[PDB]
Amino acid sequence: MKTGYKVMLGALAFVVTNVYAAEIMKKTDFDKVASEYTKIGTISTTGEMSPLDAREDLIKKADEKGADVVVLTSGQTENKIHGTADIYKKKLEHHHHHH
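Residues numbered from 1 in each chain as written, not as in the entry; some residues may be left out. Heavy atoms only, no water.

Per the deposition metadata, solution NMR was the technique used to determine this entry.

Following this line, the structure appears as structure tokens:
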């Protein structure tokens with residue numbers, strides 16, 4: 001076959017060992033920071049669970065999947081909970097450089 005392939009690779013900067021923790025954000029601030037946050041997916045509870053037990057399971061699970069912000073969108077009923085929690089991951093950019 002007519003020869004003509006090129007391989008242009010170049011790696012010199014790569015260090016991925018930074019892990020952040022997921023926490024519940026105020027809905028107001030959450031919506032405002034969501035502009036600088038990414039969606040890794042929404043989580044849920046199925047079957048039948050205890051309210052706080054499902055919370056803690058959801059919270060750790062979301063954090064386990066590498067989230068920065070977590071929100072209990074639903075699932076705060078009681079036992080018959082088929083709820084959903086919506087989680088966000090921090091982007092690499094944000095408003096200015098200050099905290």
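1. A look at the nonpolar core
Proteins that are soluble and globular tend to have nonpolar side chains buried together. Ranked by size, the top nonpolar core spans 8 residues in total: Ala22, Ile43, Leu58, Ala62, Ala67, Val70, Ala85 and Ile87. If you list the elements that add at least two residues to this core, you get α2 (51–64) and β4 (84–90). The residues contacting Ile43, other than those within four sequence positions of it, are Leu58, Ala62, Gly83, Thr84, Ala85 and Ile87. In terms of nonpolar packing, the next biggest core, distinct from the first, is built from 6 residues, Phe30, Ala34, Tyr37 and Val71 among them. (Core = buried A, V, L, I, M, F, W, Y, C linked by side-chain atoms within 4.5 Å. Buried < 20%, exposed > 50% of the residue type's maximum accessible area, 1.4 Å probe, protein only. Helix = DSSP H or I, 4+ residues; strand = E, 2+ residues; numbered from the N terminus. Contact = heavy atoms within 4.5 Å.)

2. Focus: the packing of aromatic side chains
Within this structure, the stated rule accounts for 1 aromatic pair. Look at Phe30 and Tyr88: their rings are 5.0 Å apart centre to centre, the planes differ by 85°, and that puts the pair in the edge-to-face class. You can see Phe30 sitting in helix α1 (residues 27–33) and its partner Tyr88 sitting in strand β4, a full 58 residues away along the chain. The class of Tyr88 is buried, set by a relative accessible area of 14%. One residue, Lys90, lies across the ring of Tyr20, its end atom 5.6 Å from the ring centre. (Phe/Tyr/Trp six-rings, centres within 6.5 Å; stacked < 30°, edge-to-face > 60°. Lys NZ or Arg CZ within 6 Å of the ring centre and 35° of its normal.)

3. Overview of a nonpolar patch on the surface
Judged by side-chain polarity, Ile24, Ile59 and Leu72 come together as a nonpolar surface patch covering roughly 210 Å² of accessible area. If you trace the backbone, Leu72 turns up in the loop between β3 (69–71) and β4. A relative accessible area of 34% places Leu72 in the partly exposed class. (Patch = residues over 30% accessible without salt bridge, like charges linked within 9 Å, V, L, I, M, F, W, Y side chains within 5 Å. Areas by Shrake-Rupley, 256 points an atom, 1.4 Å probe, with all protein chains shown as cover. Salt bridge = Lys/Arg side-chain N within 4 Å of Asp/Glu carboxyl O.)

4. Notes on the layout of surface pockets
Each pocket or cavity is described by its volume, and for the largest pocket that value is around 310 Å³. Forming the boundary of the largest pocket are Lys32, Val33, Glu36, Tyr37, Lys90, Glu93, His94, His95, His98 and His99. Grouping the constituent residues of the lining of the largest pocket by class yields 2 nonpolar, 4 polar and 4 charged. Its boundaries defined by the atoms lining it, the second largest pocket holds a volume of some 150 Å³. For the lining of the second largest pocket, the residue count by class is 2 nonpolar, 2 polar and 5 charged. (1 Å grid on protein atoms, 1.4 Å probe; cavity = no way out; pocket = protein on both sides within 12 Å on 5 of 7 lines; lining within 4 Å. Points joined across faces, edges and corners; volume = space filled by probe spheres on them. Nonpolar A, V, L, I, M, F, W, Y, C, P; charged D, E, K, R; others polar.)

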